[PDB]
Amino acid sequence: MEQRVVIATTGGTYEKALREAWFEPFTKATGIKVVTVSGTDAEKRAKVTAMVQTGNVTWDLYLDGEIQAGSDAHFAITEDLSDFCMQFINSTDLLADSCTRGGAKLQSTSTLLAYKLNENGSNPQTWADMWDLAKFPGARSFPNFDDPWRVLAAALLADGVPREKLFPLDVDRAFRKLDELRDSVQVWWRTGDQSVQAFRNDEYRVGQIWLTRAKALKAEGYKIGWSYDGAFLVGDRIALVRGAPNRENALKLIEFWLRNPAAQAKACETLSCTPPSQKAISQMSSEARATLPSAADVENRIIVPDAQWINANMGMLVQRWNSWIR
């Protein structure tokens, strides 16, 4: 009779957008207070695990990447949402896999093909064009962070593998394709800042970067474009902590998000992400919509991760990549 919900986020700008669009409206509609806790994704994972081994569960919900939400490790410290998830098949508004075992989709971000606009107007539109140095010359750029699955999947799509037949990834073929391009890759960005600096300095003309960083360059006045063909849409899931103190209230907060396109659209206008609702995508301001994939791009051209495969082949991938990079 003094109801609350405790949710963990990365804090900052992300938390602020969620407070304005999701937490305060919820509290106003229900009377249930939303207590927010900040920390890194690794800190949060470790804090949930420690809480689950002790009986002392302080947190009800936490956000984490969909691939981590995801792993057997995640399922060991979180509740299976599968039963709760069934109630969201009353609508086809929500995009595919919006409610899984590991959690509900909050928002998704794109990793896509971005390019500097050339004078003749001929720009690369597919991953195959990124490999076409004849028609599209210049320096390439790919991320060089520990998991290469998106770099490997871009290579496979460039090599003519259709998106429906993409997973399981042919790792041997993906590396064979990467070798053809590897001499042209002048930028191996580890941070978003590096891919942004490299573009400002004109260190690359064709690259795989985050839509968030491509948007920021266009807003700074740079002659940048991007393509949604074979773009990787990866997001965060809202997970329910194993035996959360306020379990019921935590699920009301989840339902509030999934059933509210206005809440999703407001939060995703602020953060420049793709919400799970098709209504929320179309409901966003014209200016926001202009720099984001449409619902038809998401269902017909975007690549969605196979979390089961990525988690199972994770160790092998990191080993094989670090060795390939030398």
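In case it trips you up, residue 1 is the first one in the sequence shown, and so on.
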Hey, which bit's got the bigger mean C-alpha B factor in the entry, 190-198 or 82-90? 82-90
Quick check on the record: does 181-189 or 211-219 carry the larger mean Cα temperature factor? 181-189
For the C-alpha B-factor as written in the entry, point me to the maximum among 243, 103, 143, 124. 243
Whose CA atom has the top B-factor in the entry, of 118, 107, 227, 110? 118
Could you tell me which third, lowest, middle or highest, the C-alpha B-factor of residue 205 occupies within its chain? middle
C-alpha B factor of residue 277, ranked within the chain: lowest, middle or highest third? lowest
Within-chain third of residue 172 by Cα B-factor, per the entry: highest
Within this chain, which third does the Cα B-factor at residue 75 fall in: lowest, middle or highest? middle
So where's residue 131 on the chain's Cα temperature factor ranking, which third? middle
